[PDB]
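S.K.: Quick one, what's the 3D model for this:
(2 chains)
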Amino acid sequence: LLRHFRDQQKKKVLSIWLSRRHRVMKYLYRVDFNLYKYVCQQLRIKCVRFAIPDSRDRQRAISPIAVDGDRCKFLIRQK
RNA sequence: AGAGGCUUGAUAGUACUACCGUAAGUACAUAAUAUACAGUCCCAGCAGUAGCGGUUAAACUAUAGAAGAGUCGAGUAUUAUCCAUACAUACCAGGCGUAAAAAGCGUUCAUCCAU
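M.R.: Numbering: from 1, shown residues only, chains lettered A, B, ... in the order given. Please find the structure below.
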């Protein structure tokens, strides 16, 4: 997407993968907790636990875009 | 008529707790009618969504118009009020083709649903 900016059709495809990966973490967290922490350290992915339902407020809800905060420093938050 | 207020053009099934065809104010006296008739004639009026009134229609006024043809009755009737009678106030018990009603196409939060 950086080199090609007129390809608006693939913009919708990226969202599908981002949401799909989020659901994977939820399932793996309940079946194996020790393994969930080990995989995050190797890939340097922000580990997040799923123990309570997420609130409806956007100022404190989860954000699948900023999952890889360590690897990406320009897609964390804004005003 | 021991006694008054309504209707007198069509339309309305006119209430239901016992009895549920298992019986007479049954017959004589004791049988009749009002879509007969009178006044005005798009003028005066009545009425209920629909309407009538010009040449005379049971639709307007009038019952010494005949001991009024009817329903109530010591009351009757108009307006007003509510969850306004299945105009279903819609779980029981209405919809989303043409008729009033499905967001331009899609991934996500919460809730609900699933084997």
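S.K.: In chain A, which helix is the longest?
M.R.: Longest helix of chain A, by residue count under DSSP state H: helix A:9-31.
S.K.: And that one, what's buried?
M.R.: A:25, A:29 (16 or more other Cβ atoms under 10 Å). Any C-beta I mention is one placed from the backbone N, CA and C, and that applies to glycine too.
S.K.: and stretch A:18-37, is it in reach of RNA strand B?
M.R.: Yes: Stretch A:18-37 lies within reach of RNA strand B by Cβ under 7 Å from any atom of the strand, at A:18-20, A:22-23.
S.K.: could I have that stretch exported to PDB, CA atoms only?
M.R.: This file holds the C-alpha atoms of stretch A:18-37, laid out as PDB (Å, rounded to 0.1, in the frame of the first residue of the first chain):
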ATOM      1  CA  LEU A  18      -6.700  -7.600  11.000                       C
ATOM      2  CA  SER A  19     -10.000  -8.700  12.500                       C
ATOM      3  CA  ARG A  20      -9.400 -12.400  11.800                       C
ATOM      4  CA  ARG A  21      -6.100 -12.300  13.700                       C
ATOM      5  CA  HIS A  22      -7.800 -10.700  16.700                       C
ATOM      6  CA  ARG A  23     -10.200 -13.600  17.100                       C
ATOM      7  CA  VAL A  24      -7.300 -16.100  17.000                       C
ATOM      8  CA  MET A  25      -5.700 -14.600  20.100                       C
ATOM      9  CA  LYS A  26      -9.000 -14.800  22.000                       C
ATOM     10  CA  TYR A  27      -9.300 -18.600  21.300                       C
ATOM     11  CA  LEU A  28      -5.700 -19.300  22.100                       C
ATOM     12  CA  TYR A  29      -5.800 -17.400  25.400                       C
ATOM     13  CA  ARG A  30      -8.400 -19.700  27.000                       C
ATOM     14  CA  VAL A  31      -6.900 -23.000  25.800                       C
ATOM     15  CA  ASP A  32      -3.300 -22.300  26.700                       C
ATOM     16  CA  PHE A  33      -2.100 -19.300  28.800                       C
ATOM     17  CA  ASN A  34       1.600 -20.100  29.100                       C
ATOM     18  CA  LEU A  35       2.000 -20.600  25.300                       C
ATOM     19  CA  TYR A  36       0.200 -17.300  24.600                       C
ATOM     20  CA  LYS A  37       2.800 -15.300  26.500                       C
END
